[PDB]
Every structure is written in structure tokens, then in C-alpha cells.
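Peer 1: sequence, then the experimental structure. Questions to follow.
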Amino acid sequence: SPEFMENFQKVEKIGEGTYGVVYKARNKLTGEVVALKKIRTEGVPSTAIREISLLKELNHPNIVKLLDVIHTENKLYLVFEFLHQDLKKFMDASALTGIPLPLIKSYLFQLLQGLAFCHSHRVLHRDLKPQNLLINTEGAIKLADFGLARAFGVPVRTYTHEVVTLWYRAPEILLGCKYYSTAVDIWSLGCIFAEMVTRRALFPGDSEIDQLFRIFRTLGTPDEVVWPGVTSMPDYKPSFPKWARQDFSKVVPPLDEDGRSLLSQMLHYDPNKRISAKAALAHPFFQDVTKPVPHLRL
Ligand SMILES: O=S(=O)(O)c1cccc2cccc(Nc3ccccc3)c12
Ligand SMILES: O=S(=O)(O)c1cccc2cccc(Nc3ccccc3)c12
Ligand SMILES: O=S(=O)(O)c1cccc2cccc(Nc3ccccc3)c12
């Protein structure tokens, strides 16, 4: 202390965070491997600093641990605990068989615990996706690559106007809701739940309107009965096609009534009816939840 970038030997690139590249590095002084995320861009809004401070305050088993923050010439290096496996990579490695239900249950349960914690502390993730959910050898899964309400740094990814971060975006956001809620995270997680089960992304759209239509084609085009206020949302258009809701026996074939009940509550159109992370933890689907260790080729 202080830690200096020169104190770290870079080992290998681990991944591509939305706001910075992440490298596996070794602390030359302690031998401890860590994960370093470099963030590169002037001003930083007061609201920005406050949200970052709130996130930094969080200490939870299911949120990747930030160990230090090193400042150096317009650069910022976030020193995190080292992890190098994520749900996306894991699901792909397990594509020709799928993740075992016990592990699906465990991961979903843990993500809900992490989210419940964030939400009670006024913190939202806003950009949940398989790629940013890190897993370790002992079976934990952790939230990472948090999104941002107000910018200040630099977005290093590309997915933006592409075909990825949109796949998990809540409909209220796509329809132009200015003030959204913690419900947007539950929606993303519900999409991830379906994905772990079917082994395919639930709504892989390529544009905001395409994302909306894919959602509509599956859950039915929402109306005032199902979602009070929907027809007055900023970007709602009466010209939207009207699709009927599909049965979950078709949408997520492998799930039973308990799984379907939980998924339906996580994908409820109305944010005011969508299950909270806290309430989801008490859902019967998690009665037999355990903490299985994943089989990784590490
Ligand atoms: O609050 S810090 O712990 O530094 C921090 C931690 C993690 C991410 C950050 C992103 C942008 C600005 C920061 N703050 C900042 C403040 C002053 C100068 C330069 C950057 C961030
Ligand atoms: O960038 S984040 O995910 O926010 C991240 C945050 C904190 C620690 C990380 C450690 C290794 C890899 C990451 N990223 C990563 C990138 C691409 C794929 C999988 C993981 C880490
Ligand atoms: O990297 S993340 O995995 O999101 C992350 C994970 C855990 C704690 C964090 C604390 C402050 C900032 C982060 N990220 C961040 C980076 C750049 C801009 C704004 C926030 C934190």
C-alpha cells in the first residue's frame, strides 16, 4: 500500500467488460492473482459519483469483490478478486447436455439473493446477462459488470446497438418508461432462468422494436387488462401487431408447474406485479435448493 500498477504482472486477458477490459494479473508482492479492469472522459456527474459510491458500499457473497481502486494518469484500475469463469461460458461448455437443474436452482437462488441485497440498498444492476455472472470453483455465482444510469467514463464493449444487452431488457424500458424500478432486474433474470433451462436465449432481438416484437410474440401483446398504462407509454404504438400469449409448456418445455409459476412471475409485463427478488426467494421452486459444485475443466 499504496498499490501501484507496476506491482502487478499481467497474466492473460480474461474478458471484455462493458466499461473496460479485464486481465488476470499477479500481485508481485503477495503472489495473489486478481482481476484488473482498466477504465479510461472528464467531469463525472454528481449523480454518477453517488451511484458508484453506493455500489462500492456493497459487500455480499454474490457480488464480485472489489479490492482496491488504483488511480493513474486519467486511468483507473479496478482490482477485483480473481474469477475467470462465467455463466455464459459455462452454459456453452454445457450446451450438449445443459446445466443440471440443481445448479440452475442454486445459481438462480444466489443471483436473487445478490439482487435482493442490491435492491434493498437502492442499487440496481440494469444490465444482467449470462456473460457478466461470474462463477467460482466452490459453486458461488456473482453479479458483475453493473450498468449505469448516468455516464462519465467510456463504454468499451460493442453489444450496445448490436444483439446482446437488448436480449435481457425489460419491456417498460423498451417502451420508454423514464422512471423504471428494480423490477427491470427481475425481468432480465427471468430471461436468464429460461435460457439456462432451454439452452437458448429467450428473446434474441437485434433492435429495440425487434426485441419488443419477440417478447410480444411469446408473452402476448400486452393490453390495458394485463398491464394497466401500457397503451400510454412513450413508445407504445397502437399499430403493434396483436399476438396471443404462448404456453410455457412450449416456451420452456423442461419446466414443471413450480418452475413455470416462478418464471411467469419474473416475466410479468406489469412491473408493479412482477415478483420482487426477496419474494422470489420464498417461491416453492427453491424448496430443495442446495449448493452444488460445478464441473469445470480447471
Ligand atoms: O470513486 S472511485 O473509487 O475512484 C471509482 C471506482 C470505480 C469506478 C469508477 C468510475 C468512474 C469514476 C470513479 N471515480 C473517480 C473519482 C475521482 C477521480 C477519478 C475517478 C470510479
Ligand atoms: O468485466 S466484468 O464482468 O464486469 C468483471 C468484474 C469483476 C471481476 C472480473 C474478473 C474476471 C473477468 C471479468 N469480466 C468478464 C468479462 C467478460 C466475460 C466474463 C467475465 C470480471
Ligand atoms: O465493474 S463492476 O463489475 O460493475 C463492479 C463490481 C463490484 C463493485 C463495483 C464498485 C464500483 C464500481 C464498479 N464498476 C464500475 C466500473 C466502471 C463504471 C461504473 C461502475 C463495480
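Peer 2: Received, thanks. Numbering: from 1, shown residues only. Ligands and ions are numbered 1, 2, ... in the order given.
Peer 1: which residues does the residue in the stretch 51-200 of the chain that ligand 1 sits nearest to bridge with?
Peer 2: The minimum distance from the stretch 51-200 of the chain to ligand 1, using Cβ to the nearest ligand atom, falls at residue 69 (4.1 Å). Every C-beta, even on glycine, is put in place using the N, C-alpha and C of the backbone. Counting by DSSP bridges, residue 69 forms beta bridges with residue 78.
Peer 1: how about it, what does it touch?
Peer 2: Residue 69 makes contact with 76-79, according to Cβ atoms under 8 Å, 6 or more residues apart in numbering.
Peer 1: scan those residues and report the most crowded one.
Peer 2: residue 79 (22 neighbours; other Cβ atoms under 10 Å).
Peer 1: hang on, isn't that one packed against residue 3?
Peer 2: Yes. Contact criterion Cβ atoms under 8 Å: residue 79 and residue 3 qualify, at 6.7 Å.
Peer 1: joint contacts of the two?
Peer 2: Contacts common to residue 79 and residue 3, judged by Cβ under 8 Å, 6+ apart, are 68, 70.
Peer 1: distance check, the residue of the stretch 51-200 of the chain closest to ligand 1 against ligand 3.
Peer 2: For residue 69, the distance to ligand 3 (Cβ to the nearest ligand atom, to the nearest Å) stands at 8 Å.
Peer 1: same check, this time on residue 200
Peer 2: 26 Å.
Peer 1: tell me how many other residues crowd that residue.
Peer 2: Using other Cβ under 10 Å, residue 200 has 10 other residues around it.
Peer 1: cool, and residue 50?
Peer 2: 12.
Peer 1: wait, does the strand or helix carrying it make contact with ligand 3?
Peer 2: Using DSSP states H and E, residue 50 maps to helix 46-57. Yes. Helix 46-57 is in contact with ligand 3 by Cβ under 6 Å from any ligand atom, via 52, 55-56.
Peer 1: okay if I get those residues as JSON lines plus neighbour count?
Peer 2: Output for the residues of helix 46-57 next to ligand 3, formatted as JSON lines (neighbours: other Cβ atoms under 10 Å):
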{"residue": "52", "neighbour count": "16"}
{"residue": "55", "neighbour count": "17"}
{"residue": "56", "neighbour count": "10"}
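Peer 1: could you dump those residues into CSV and include distance to residue 237?
Peer 2: Shown next, in CSV, are the residues of helix 46-57 next to ligand 3 (distance: Cβ to Cβ, whole Å):
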residue, distance to residue 237
52, 36
55, 36
56, 41
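Peer 1: and which of those residues is nearest residue 212?
Peer 2: Using Cβ to Cβ, residue 55 comes nearest to residue 212 of these, at 29.3 Å.
Peer 1: wait, isn't that closest one in contact with residue 123?
Peer 2: Yes. Using Cβ under 8 Å, residue 55 makes contact with residue 123 at a distance of 5.8 Å.
Peer 1: and which of the contacts of residue 69 is nearest to residue 210?
Peer 2: Nearest to residue 210 among these, counting by Cβ to Cβ, is residue 78 at 33.7 Å.
Peer 1: help me confirm that the closest one comes into contact with residue 20.
Peer 2: Yes. Taking contacts as Cβ under 8 Å, residue 78 lies within contact range of residue 20: 7.4 Å.
Peer 1: intersection of neighbour lists for those two?
Peer 2: Shared contacts of residue 78 and residue 20 (Cβ under 8 Å, 6+ apart): 37-39.
Peer 1: buried subset of the residues you listed as a ChimeraX selection?
Peer 2: Selection command for ChimeraX covering only the buried members of the shared contacts of residue 78 and residue 20, criterion 16 or more other Cβ atoms under 10 Å:
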select :37,38,39
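Peer 1: filter the shared contacts of residue 78 and residue 20 by proximity to ligand 1?
Peer 2: When the shared contacts of residue 78 and residue 20 are checked against ligand 1 using Cβ under 6 Å from any ligand atom, the ones in range are residue 39.
Peer 1: restricted to strands, list the shared contacts of residue 78 and residue 20.
Peer 2: Within the shared contacts of residue 78 and residue 20, residues falling in strands by DSSP state E are 37-39.
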